[PDB]
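Inspection log for the structure reproduced underneath, given as structure tokens.
4 protein chains.
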Amino acid sequence: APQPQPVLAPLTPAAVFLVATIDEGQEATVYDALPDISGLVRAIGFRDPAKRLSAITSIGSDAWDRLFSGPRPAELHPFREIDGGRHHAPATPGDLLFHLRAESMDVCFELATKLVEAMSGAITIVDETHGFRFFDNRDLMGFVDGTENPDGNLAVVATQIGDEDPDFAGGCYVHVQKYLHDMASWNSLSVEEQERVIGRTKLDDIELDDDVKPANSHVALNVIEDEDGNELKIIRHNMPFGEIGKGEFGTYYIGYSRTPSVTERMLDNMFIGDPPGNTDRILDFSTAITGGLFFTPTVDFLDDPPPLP
Amino acid sequence: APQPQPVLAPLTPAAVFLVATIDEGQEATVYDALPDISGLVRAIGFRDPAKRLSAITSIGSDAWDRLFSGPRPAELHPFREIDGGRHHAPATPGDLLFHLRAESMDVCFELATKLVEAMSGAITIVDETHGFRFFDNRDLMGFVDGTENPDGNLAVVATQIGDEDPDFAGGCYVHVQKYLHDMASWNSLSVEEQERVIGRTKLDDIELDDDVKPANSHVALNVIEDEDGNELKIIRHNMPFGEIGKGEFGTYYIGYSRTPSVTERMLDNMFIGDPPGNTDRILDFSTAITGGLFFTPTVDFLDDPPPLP
Amino acid sequence: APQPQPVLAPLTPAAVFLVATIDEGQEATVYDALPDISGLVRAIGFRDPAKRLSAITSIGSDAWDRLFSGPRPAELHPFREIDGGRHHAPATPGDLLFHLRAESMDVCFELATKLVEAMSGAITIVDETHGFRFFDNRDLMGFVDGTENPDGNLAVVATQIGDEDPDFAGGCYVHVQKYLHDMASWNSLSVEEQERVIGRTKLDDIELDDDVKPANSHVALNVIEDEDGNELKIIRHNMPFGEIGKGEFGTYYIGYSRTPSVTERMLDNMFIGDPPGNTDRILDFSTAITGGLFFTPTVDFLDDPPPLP
Amino acid sequence: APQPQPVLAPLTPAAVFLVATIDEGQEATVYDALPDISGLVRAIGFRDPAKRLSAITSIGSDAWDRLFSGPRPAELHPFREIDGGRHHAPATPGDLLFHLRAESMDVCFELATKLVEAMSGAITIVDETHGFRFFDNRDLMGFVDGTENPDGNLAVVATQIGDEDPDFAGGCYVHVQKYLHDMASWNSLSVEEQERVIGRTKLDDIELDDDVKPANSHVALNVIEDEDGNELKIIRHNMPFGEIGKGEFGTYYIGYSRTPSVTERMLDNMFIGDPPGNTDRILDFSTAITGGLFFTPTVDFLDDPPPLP
Ligand code: HEM
Ligand code: HEM
Ligand code: HEM
Ligand code: HEM
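Chains as they are written, first to last, in full-length UniProt numbering: chain B, 3 to 311; chain C, 3 to 311; chain U, 3 to 311; chain L, 3 to 311.
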């Protein structure tokens, strides 16, 4: 009966990520537009319903204490800035996240055009990226991106909250991280070295052998084993963006998870690293620019918001 | 026998316009990359040949006097800045124009990635727009854009130079104009007022009646009659762009023509206007930001450049 | 007025190559079916005309002296077996070549089913390959295959015979070579070594720098300069095939050209090699299995065959 | 008449590098042992004089301001820690450097045993490496190490100070850098990739062609041209060391030069890199652990030290 937000969707060829911060004293203006979002999605994306326009509304901690009364999600907190040994993961202020995805750029652009002008003057858009998609789902590093997202049962228990928090049954936690990795050192780097970085191959994306794969690789550090033996997986819709006029080539990481402890332990395996391997090899090239922790509610939660405190 | 550049191509769902100015003393570096462009196009766009990756290399006046010896195109000059009564059409310095077009954003992005890094350090990219495409070829104004481009004979004699300049048989002239029209006044404006602006309808794009269409409309001012009775047409691949994080909603106008006198008389009918109607009604909302006049050579001209002076 | 055979067609996702030798005393049986081929093509491929079923009938030297009277193509001869220093290019007997190409496998299969059973008992099919097509037009080596085929004027003068032989104005010469290259040594070989083999990159297929590209590379040896300065190009529809049950991974090379001297000089640059570089680096891995020289006539030539001698 | 320290010696099969820091208030204790060093060398190495035991005493900046009065070497300063884009060159505190070299390990060990116990309690040995020597002067990377050291006149003007500083006529400057490069990524890397790293071949150590050698290679970045056209060379006795019990495989770099500007420009060409090539390819695998800048005096300077301030 709790219908979740469309996070369990395939990767789309175009995507728009909006991190908009809410201005002071503009609470009821966003409280108007928050039930209107699914109406705008069904209004716009029904023009070409075979484009699969799907918005993912997400709300941070500050916007939760401002906008909503009653309960609170249990692990919803501001994104812990990870000041590691060499690489730092910053956290810019962002109240709400609009994650838009469809088959083409225009319908995402029009949904975002109608989104901020349903709450005109209430928000300033802090982060504006138009994430496109490479040839066979690659990123700017050249490796195929996101091939280990689960499906079915191993995905809905990976993302959707059950009754471990029954007031928010259904709903995820989001970690956006806008990277801006350089290509000057990455392109001069040889392929095999880059497979040491990633942990899988580049052309065919075969995972490397367990003894051949180094301990500080990305696919080596990001898989998390529990003590019972099961592995905890997240679903990430990482879409590359970039502007050649500034020479920017970045991959907008965005990870959906049942609890932010899993994503934060992955980020601890990357930035803080393992106690053997204290650095992740992709962070030698990728520097995070933005950061934020958010919460997806259900679409019923946007349909029936709790009253404004 | 002169093969022209692929200007006679249909409008593609994604486009990248690059206006890069050449740095001082970096002439031979661009002279290396200028024969390499068609090779890079055939190299990249053959991956998915049903995406129709097509670059249009264009060269301004300064880059012609720097890069090429021998002859000169007859009407190639810097873009005359039109300081009208109220609206001004500026002209930023830009040496060469890279016009890229294909079915998706990624292959245009990768061709542009390989374009500046075939001449690394020789250029600074002044203007960086990623032109996407609306639902049924619309622009951000809401009207269907570019429905009066000719086809066949009325297009090749509209764009390709014959032997009126036999040293450049085949080849066009380009007028880029990056507009940044506001949507706050345009959206509050009513539809029939906007059809007085355009001159055609909005939903179905029927051209209005000749008596009903006002004299200061866009479609009224831009059609040019000659004294023999024939009309001179240009081919324009106007692609909308925009950034909602700045609130920008612009249409990157780009017009290909056999001679820049035709495009300049259209711009005189818009900015300077008719002596009856001195203003074009779309310029009440559209303010030009950039501007430039360029020259398309043949692909044989890039294959066989004249020697560097 | 001479309509050529559909050789100037884009690469299709499926292809069937048939090298059938004609049995002794079965001349008039093939002489029946040879005007019927375009009728069968228009009959079958009109079911889904957006599959682009296109047959290329080709005739060798023996089938020309048997089947046709009157003139002879000037350079039509049996395929000269190249016994180089280490690699040998054999020539199995094959009278006629059926080159079939369309968007799917089934309509090529049905055209080939109707082709041999229009001349039932007259031929034995010596070589039977079902050439499929990789992701972005790649081959089994992993490199994008066939990205330097010309288009337009530089293709029709590359393939179609003018009036240098006016009795066969329009028409090409075909060099089939069924390779069976091993993947055990190629996969263990590193990427940059393979880019020394090919001469272009692997992921993005950028051609290498002229000083960086070695002299014994494939793209280095196969480009042919003339003494006037023009380069002679051929059009090749190389389609990969293979059978994993035998561990076969081969690329069916097939090259169309205006004269077989160009293709034979390319094969001399590969097998015999340059006098500096006597071996082509791809022939370290690719061993030719079959070989044949054929002639495409016009479709008018199949419509109006010369009388049977 | 100024006899220099034995820096102009061939590479020996065993070497001991000692970086010992002087304790506070133990100045006169080292001032006792500093004239005794050549006496200990002639005392121990005369047992088997065909082992060529040769110590190179070196003194840093802090030990110069503590131990010696009067003048100062002109460019003697603490080793500037190079915090590049990705690779950092640290500088641990080390007052004096004992560089020992002979045909076998034992006589170097005994000279070092008598060296610290001639100044017992005055020093703590910060860095203790026993540099052995590979098959044909190789290092752990597998390449032959140090084959471009000059000889004769081009070596004595490369190392020994003339009267550009006449108070220290004869004498060098030392840059020690204890690397700890990993072998897991280097061994999985292929040979030709490693020759792109080094710039010379691996088995026979032929220098590569000037166009074939990449710009970010080690031998490409470390050769320094002046504006007059002469090249500045240093002499380096790089000896490999290592401990397999920790999995350490390192090459103790130690470079002797007439002025530290040359060695520091080489380190700037490596870590900071060229403005085209900002990284040296061997620094992808080699991470510096220690670092220090020292000064070799003459042996007459140890025989006649200036009075203790
Ligand atoms: C710096 C930007 C990043 C890039 C370019 C990147 C790219 C990749 C690539 C290419 C793979 C291998 C293909 C696949 O399995 O997805 C991968 C794996 C993965 N990435 Fe990322 N990634 C980035 C950051 C992150 C972050 C910040 C997280 C989470 C905190 C993350 C989570 C994962 C996970 C969980 C895997 C799969 C591990 C396994 O297969 O179980 N990535 N990433
Ligand atoms: C300010 C940005 C502009 C916008 C949004 C715009 C949009 C449009 C639209 C919607 C139409 C009607 C549909 C069609 O016929 O194309 C049109 C017509 C046209 N536009 Fe534009 N346009 C712009 C600027 C220009 C400029 C700067 C030129 C040339 C100097 C130009 C040349 C034309 C021409 C020639 C026509 C067709 C007139 C006729 O049908 O013969 N436009 N434009
Ligand atoms: C052994 C099987 C072969 C394979 C796997 C193969 C594959 C390739 C590949 C990957 C390229 C680079 C991409 C492109 O430009 O096409 C290439 C180039 C080429 N191949 Fe082949 N090829 C083979 C045999 C041949 C043969 C037998 C000929 C002709 C006698 C030939 C003619 C060419 C030509 C003319 C080029 C382009 C050179 C230039 O760009 O001007 N190939 N081939
Ligand atoms: C990271 C550890 C290093 C290793 C394993 C290493 C090894 C090598 C090797 C194998 C060569 C080529 C053979 C020969 O010419 O010597 C070489 C060349 C050279 N190395 Fe190093 N090296 C290292 C660091 C350094 C450093 C830190 C410097 C000086 C700042 C340096 C200075 C040179 C010079 C000047 C050359 C010769 C360039 C030319 O031939 O003119 N090396 N090194």
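Even for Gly, the Cβ is constructed at its ideal location relative to N, Cα and C.
Per-residue DSSP class, three states only, for residue i
i                    : result
C:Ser106             : coil
L:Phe170             : helix
L:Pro262             : helix
L:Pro278             : coil
C:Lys204             : coil
C:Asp64              : helix
C:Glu83              : coil
L:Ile291             : coil
C:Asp129             : strand
B:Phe297             : strand
L:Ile237             : strand
B:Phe243             : strand
C:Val176             : strand
L:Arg140             : strand
B:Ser56              : strand
C:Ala222             : helix
residue 2 of chain L : Residue 2 of chain L falls outside the range modelled here, since chain L spans only 3 to 311, and no answer is possible.
Where residue i falls, given that 16 or more other Cβ within 10 Å makes a residue buried
i        : result
C:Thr126 : exposed
L:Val214 : exposed
U:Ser190 : exposed
L:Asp108 : exposed
U:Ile246 : exposed
C:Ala65  : buried
B:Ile208 : exposed
C:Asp212 : exposed
U:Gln162 : buried
U:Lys180 : buried
Supposed close pair residue i, residue j - CB separation, criterion 8 Å
i                    : j        : result
B:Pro80              : B:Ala93  : 7 Å
C:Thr23              : C:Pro95  : 6 Å
residue 2 of chain B : B:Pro309 : Here chain B covers residues 3 to 311 and nothing more, so residue 2 of chain B does not appear.
U:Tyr254             : U:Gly133 : 5 Å
Pair within 9 Å by beta-carbon distance, residue i and residue j
i        : j        : result
U:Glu112 : U:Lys53  : no
L:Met272 : L:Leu304 : no
U:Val199 : B:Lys204 : no
C:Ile256 : C:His101 : yes
L:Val264 : L:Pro6   : no
L:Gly87  : L:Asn280 : yes
Any non-hydrogen atom of ligand 2 closer than 8 Å to residue i Cβ
i        : result
C:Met272 : yes
C:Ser288 : yes
C:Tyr181 : yes
Any non-hydrogen atom of ligand 4 within 8 Å of residue i CB
i        : result
L:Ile291 : no
L:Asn240 : yes
L:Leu285 : yes
Any non-hydrogen atom of ligand 3 closer than 8 Å to residue i Cβ
i        : result
U:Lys235 : yes
C:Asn218 : no
U:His177 : yes
U:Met268 : yes
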